[PDB]
Amino acid sequence: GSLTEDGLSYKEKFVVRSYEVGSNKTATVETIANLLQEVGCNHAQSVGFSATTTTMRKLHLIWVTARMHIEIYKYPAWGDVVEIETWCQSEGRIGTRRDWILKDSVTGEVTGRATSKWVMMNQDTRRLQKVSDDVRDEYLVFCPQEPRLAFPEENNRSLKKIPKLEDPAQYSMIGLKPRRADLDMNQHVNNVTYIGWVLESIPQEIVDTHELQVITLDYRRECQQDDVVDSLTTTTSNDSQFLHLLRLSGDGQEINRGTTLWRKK
Amino acid sequence: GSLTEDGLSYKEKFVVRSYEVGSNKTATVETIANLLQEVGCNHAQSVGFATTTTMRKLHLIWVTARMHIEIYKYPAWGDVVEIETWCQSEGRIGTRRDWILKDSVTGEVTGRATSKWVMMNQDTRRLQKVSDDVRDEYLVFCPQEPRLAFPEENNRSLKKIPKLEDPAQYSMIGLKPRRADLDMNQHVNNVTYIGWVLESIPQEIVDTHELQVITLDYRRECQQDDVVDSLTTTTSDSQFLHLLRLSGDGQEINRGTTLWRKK
Ligand SMILES: O=C(O)c1sccc1-n1cccc1
Ligand SMILES: O=C(O)c1sccc1-n1cccc1
């Protein structure tokens with residue numbers, strides 16, 4: 001991987017692995033979401049981060065994901081090479097945005113795109129806060145100054161408000177627990193696990209006859225290593241649409257809400 | 001990746017990814033076991049395949065009976081690890097696949113693995129000796145002289161594993177596979193079982209020790225809708241005896257041993 005000529009974005013190529021593919025012999029949406037993490041971390045490292053700034057580390061401040069929106073046109077096949085380009089952008093005091101473009105290395109065509117929204121949180125108190133100018137000026141030199149949007153469209157799916165699923169749900173997967181392989185290097189549940197957990201309540205018949213096209217996921221609360229999760233889904237719709245809810249098996253505390261769009265194979 | 005000059009083994013380099021590392025900022029044993037799958041599949045593909053044309057005609061598949069992994073140094077995030085793999089016949093019982101893991105910068109051996117495979121009818125799940133027609137098809141891709149990742153006489157890779165007695169010292173109950181645990185044929189990926197065995201090791205062992213050796217026997221497959229119990233008892237360096245069984249009737253699916261060194 002490497003930063004582009006202007007040093008305002010980062011590119012990296014990935015060969016799709018044998019264990020990274022599903023039943024259709026193409027990369028899963030969780031494999032893709034992991035590749036977005038890998039290109040994201042390599043972009044931060046190539047510009048001095050390790051992505052907390054000097055001031056964030058001093059104040060015990062971290063960047064946390066509020067929303068992830070992924071849209072896939074063609075999932076890459078096992079053995080194919082996918083090139084991913086990523087960049088960040090400031091959104092005032094609310095936080096930052098990280099976008100991605102996925103391409104076929106052989107054809108140069110766009111096979112997918114993603115956008116994520118990040119907010120600042122105190123690592124210990126878990127309290128959110130608006131970005132301070134001292135922190136803001138530290139990373140503004142690594143972002144483009146003109147708007148560069150993976151989803152520019154006048155009316156796009158990445159900014160839609162997601163409602164809360166009403167009980168009873170149509171489908172459900174109960175008693176989901178994270179294992180050590182679901183944890184990151186800081187012993188927190190990896191954000192991609194939640195994507196997998198949302199998809200767990202989609203019936204196998206939809207999974208076998210449709211391909212996931214769009215997924216929007218809001219992150220409200222973290223699932224701890226010793227928590228149990230319930231995954232709920234209700235059909236809201238040639239296209240299938242679903243409303244999703246992740247909550248703690250006990251009290252029913254919400255951790256995530258989302259929507260998926262699937263098209264017939 | 002590529003086959004070596006003699007076309008009797010396969011090499012491939014891997015850069016360790018951010019999501020592939022644990023709390024020590026080094027690759028997990030499950031990440032390593034997945035890299036062994038990837039280099040294994042690329043070796044088969046580069047030589048025409050691990051089912052032969054005769055196996056497909058008879059509905060025969062290769063299944064893992066045993067996996068033995070020994071790690072001296074887990075690679076760090078960003079490091080490049082080079083893996084060399086090769087297969088070898090073991091008569092009529094089956095085949096063996098071995099691996100050597102190295103540091104790309106130093107050339108030193110950082111780990112090694114050996115796995116034992118048997119032939120099974122994919123439909124009846126019945127084991128069988130390898131026929132000569134099948135055997136001759138793949139013998140041209142294996143070295144003719146013995147080439148062993150674990151040559152040492154009376155080594156840990158060939159030891160018999162006993163069955164854990166109830167009550168177990170530690171346990172993790174109600175383990176279920178999710179879609180990300182399945183392979184391209186909707187079967188549970190063999191690496192998931194490794195993760196499930198380690199689930200019953202206490203977090204205090206995990207935080208103070210590093211896994212050095214893991215030997216895992218595969219007896220029965222966990223179906224997508226099965227629930228698993230992971231049992232562990234200390235037998236000792238820390239040594240543990242492991243057992244994976246179905247949450248209901250208690251049917252055995254796996255047994256193993258792990259060896260851990262103080263950090
Ligand atoms: O989880 C993270 O910290 C990172 S880093 C860049 C992408 C993501 N992400 C968030 C949701 C799914 C993937
Ligand atoms: O599972 C498989 O089919 C393959 S392919 C080569 C290595 C393995 N394996 C088996 C146990 C752990 C890894």
# chains A, B, ... in the order shown; residues from 1 in each chain; ligands from 1

call {"tool": "interface_residues", "arguments": {"of": "chain A", "to": "chain B", "cutoff": "10 Å", "atoms": "only C-alpha atoms", "output": "ChimeraX atom specification"}}
result
/A:16-31,34-35,37-42,79,175-188,190,192-193,196-197,199-200,204

call {"tool": "residues_around", "arguments": {"residues": "residue 71 (chain B)", "least_positions_apart": "5", "cutoff": "9 Å", "atoms": "only C-alpha atoms", "output": "list in words"}}
result
residues 29, 101, 110, 111, 112, 113, 211, 212 and 213 of chain B

call {"tool": "write_last_selection", "arguments": {"atoms": "N, CA and C atoms", "output": "PDB file, in the first residue's frame"}}
result
ATOM      1  N   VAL B  29      -2.955 -17.665  16.976  1.00  0.00           N
ATOM      2  CA  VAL B  29      -2.738 -19.009  16.432  1.00  0.00           C
ATOM      3  C   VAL B  29      -3.817 -19.333  15.362  1.00  0.00           C
ATOM      4  N   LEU B 101       7.392 -22.110   8.888  1.00  0.00           N
ATOM      5  CA  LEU B 101       7.120 -20.680   8.937  1.00  0.00           C
ATOM      6  C   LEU B 101       8.430 -19.956   9.218  1.00  0.00           C
ATOM      7  N   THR B 110      10.395 -19.477  12.601  1.00  0.00           N
ATOM      8  CA  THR B 110       9.582 -18.959  13.690  1.00  0.00           C
ATOM      9  C   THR B 110       8.398 -19.875  14.091  1.00  0.00           C
ATOM     10  N   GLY B 111       8.176 -20.946  13.328  1.00  0.00           N
ATOM     11  CA  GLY B 111       7.119 -21.896  13.583  1.00  0.00           C
ATOM     12  C   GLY B 111       7.096 -23.052  12.599  1.00  0.00           C
ATOM     13  N   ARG B 112       6.394 -24.128  12.940  1.00  0.00           N
ATOM     14  CA  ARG B 112       6.265 -25.290  12.069  1.00  0.00           C
ATOM     15  C   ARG B 112       4.976 -26.056  12.360  1.00  0.00           C
ATOM     16  N   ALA B 113       4.451 -26.750  11.351  1.00  0.00           N
ATOM     17  CA  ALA B 113       3.209 -27.485  11.496  1.00  0.00           C
ATOM     18  C   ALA B 113       3.156 -28.757  10.667  1.00  0.00           C
ATOM     19  N   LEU B 211       0.985 -19.302  23.805  1.00  0.00           N
ATOM     20  CA  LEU B 211       0.788 -20.662  23.307  1.00  0.00           C
ATOM     21  C   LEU B 211       2.011 -21.113  22.489  1.00  0.00           C
ATOM     22  N   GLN B 212       2.632 -22.221  22.875  1.00  0.00           N
ATOM     23  CA  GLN B 212       3.792 -22.745  22.155  1.00  0.00           C
ATOM     24  C   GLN B 212       3.398 -23.928  21.262  1.00  0.00           C
ATOM     25  N   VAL B 213       2.688 -24.934  21.811  1.00  0.00           N
ATOM     26  CA  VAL B 213       2.274 -26.128  21.067  1.00  0.00           C
ATOM     27  C   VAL B 213       0.768 -26.369  21.209  1.00  0.00           C
TER      28      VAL B 213
END

call {"tool": "residues_around", "arguments": {"residues": "residue 210 (chain A)", "least_positions_apart": "2", "cutoff": "10 Å", "atoms": "only C-alpha atoms", "output": "PyMOL selection string"}}
result
chain A and resi 204-208+212-213+238-240+261-265

call {"tool": "atom_distance", "arguments": {"atom1": "CA of residue 233 (chain B)", "atom2": "CA of residue 164 (chain B)"}}
result
7.6 Å

call {"tool": "residues_around", "arguments": {"residues": "region 155-167 of chain A", "least_positions_apart": "6", "cutoff": "7 Å", "atoms": "only C-alpha atoms", "output": "PyMOL selection string"}}
result
chain A and resi 69+216+243-245+257-258

call {"tool": "atom_distance", "arguments": {"atom1": "atom 13 (C, counted along the ligand's line) of ligand 2", "atom2": "CA of residue 64 (chain B)"}}
result
7.9 Å

call {"tool": "select_by_dssp", "arguments": {"residues": "region 28-262 of chain A", "states": "strand (DSSP E)", "output": "PyMOL selection string"}}
result
chain A and resi 61-72+81-90+96-104+110-122+128-129+171-176+210-219+229-235+239-248+254-262

call {"tool": "residues_around", "arguments": {"residues": "residue 81 (chain B)", "least_positions_apart": "3", "cutoff": "6 Å", "atoms": "only C-alpha atoms", "output": "MDAnalysis selection string"}}
result
chainID B and resid 13:14 102:104

call {"tool": "atom_distance", "arguments": {"atom1": "CA of residue 91 (chain A)", "atom2": "CA of residue 129 (chain A)"}}
result
13.7 Å

call {"tool": "residues_around", "arguments": {"residues": "residue 12 (chain B)", "least_positions_apart": "4", "cutoff": "7 Å", "atoms": "only C-alpha atoms", "output": "PyMOL selection string"}}
result
chain B and resi 1-2+39+82-84

call {"tool": "residues_around", "arguments": {"residues": "residue 115 (chain B)", "least_positions_apart": "2", "cutoff": "9 Å", "atoms": "only C-alpha atoms", "output": "PyMOL selection string"}}
result
chain B and resi 64-69+95-99+113+117+157

call {"tool": "write_last_selection", "arguments": {"atoms": "C-alpha atoms", "output": "compact mmCIF listing (two decimals), in the first residue's frame"}}
result
# COMPACT_ATOMS: atom_id res chain seq x y z
CA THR B 64 -8.25 -33.56 8.52
CA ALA B 65 -7.69 -36.20 11.22
CA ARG B 66 -4.95 -34.25 13.11
CA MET B 67 -3.37 -30.75 13.14
CA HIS B 68 -0.14 -30.11 15.14
CA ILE B 69 1.20 -26.49 15.32
CA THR B 95 -1.49 -38.22 3.30
CA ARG B 96 0.46 -35.67 5.40
CA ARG B 97 0.81 -31.93 4.78
CA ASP B 98 3.71 -30.04 6.47
CA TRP B 99 4.61 -26.36 6.85
CA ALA B 113 3.21 -27.48 11.50
CA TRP B 117 -5.38 -36.41 6.27
CA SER B 157 3.04 -34.64 16.75

call {"tool": "closest_residue", "arguments": {"among": "A:77, A:217, A:131, A:110", "to": "ligand 1", "atoms": "only C-alpha atoms and all ligand atoms"}}
result
A:217

call {"tool": "closest_residue", "arguments": {"among": "B:10, B:193, B:138, B:77", "to": "ligand 2", "atoms": "only C-alpha atoms and all ligand atoms"}}
result
B:193

call {"tool": "select_by_dssp", "arguments": {"residues": "region 13-97 of chain A", "states": "alpha helix (DSSP H)", "output": "short mmCIF file (atom, residue, chain, number, x, y, z; two decimals) with N, CA and C atoms, in the first residue's frame"}}
result
data_model
loop_
_atom_site.label_atom_id
_atom_site.label_comp_id
_atom_site.auth_asym_id
_atom_site.auth_seq_id
_atom_site.Cartn_x
_atom_site.Cartn_y
_atom_site.Cartn_z
N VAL A 29 -19.26 -9.93 3.08
CA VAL A 29 -19.29 -8.51 3.45
C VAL A 29 -18.40 -8.26 4.70
N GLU A 30 -18.23 -9.28 5.57
CA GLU A 30 -17.35 -9.17 6.74
C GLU A 30 -15.90 -9.18 6.32
N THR A 31 -15.53 -9.96 5.27
CA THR A 31 -14.16 -9.92 4.76
C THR A 31 -13.87 -8.50 4.20
N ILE A 32 -14.83 -7.96 3.42
CA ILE A 32 -14.71 -6.60 2.90
C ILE A 32 -14.54 -5.59 4.02
N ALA A 33 -15.42 -5.63 5.03
CA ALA A 33 -15.34 -4.71 6.17
C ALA A 33 -13.99 -4.80 6.93
N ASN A 34 -13.37 -6.00 6.97
CA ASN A 34 -12.04 -6.21 7.57
C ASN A 34 -10.95 -5.56 6.68
N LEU A 35 -11.09 -5.64 5.33
CA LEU A 35 -10.18 -5.02 4.38
C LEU A 35 -10.25 -3.48 4.52
N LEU A 36 -11.45 -2.92 4.78
CA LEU A 36 -11.63 -1.50 5.06
C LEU A 36 -10.87 -1.13 6.33
N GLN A 37 -10.90 -1.99 7.39
CA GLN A 37 -10.11 -1.73 8.61
C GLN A 37 -8.62 -1.72 8.27
N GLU A 38 -8.11 -2.76 7.57
CA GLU A 38 -6.71 -2.86 7.22
C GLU A 38 -6.20 -1.65 6.39
N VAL A 39 -6.95 -1.22 5.34
CA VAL A 39 -6.50 -0.06 4.57
C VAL A 39 -6.59 1.23 5.42
N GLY A 40 -7.58 1.32 6.31
CA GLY A 40 -7.73 2.45 7.22
C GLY A 40 -6.54 2.59 8.16
N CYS A 41 -6.15 1.48 8.82
CA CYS A 41 -5.01 1.47 9.73
C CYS A 41 -3.70 1.78 9.01
N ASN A 42 -3.50 1.24 7.80
CA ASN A 42 -2.28 1.54 7.02
C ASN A 42 -2.21 3.03 6.61
N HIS A 43 -3.35 3.68 6.32
CA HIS A 43 -3.37 5.10 5.97
C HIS A 43 -2.90 5.92 7.18
N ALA A 44 -3.46 5.64 8.40
CA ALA A 44 -3.11 6.34 9.64
C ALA A 44 -1.61 6.22 10.00
N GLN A 45 -1.04 5.02 9.81
CA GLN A 45 0.35 4.69 10.10
C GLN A 45 1.31 5.40 9.14
N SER A 46 0.94 5.47 7.87
CA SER A 46 1.76 6.12 6.85
C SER A 46 1.85 7.64 7.01
N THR A 54 -1.50 13.56 18.96
CA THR A 54 -0.69 13.77 20.16
C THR A 54 -1.56 14.30 21.31
N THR A 55 -2.48 15.22 20.98
CA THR A 55 -3.40 15.82 21.94
C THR A 55 -4.49 14.83 22.40
N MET A 56 -4.99 13.95 21.51
CA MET A 56 -5.99 12.97 21.91
C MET A 56 -5.40 12.00 22.94
N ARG A 57 -4.18 11.54 22.70
CA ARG A 57 -3.46 10.62 23.59
C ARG A 57 -3.22 11.26 24.98
N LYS A 58 -2.92 12.56 24.98
CA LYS A 58 -2.70 13.35 26.19
C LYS A 58 -4.01 13.49 26.99
#
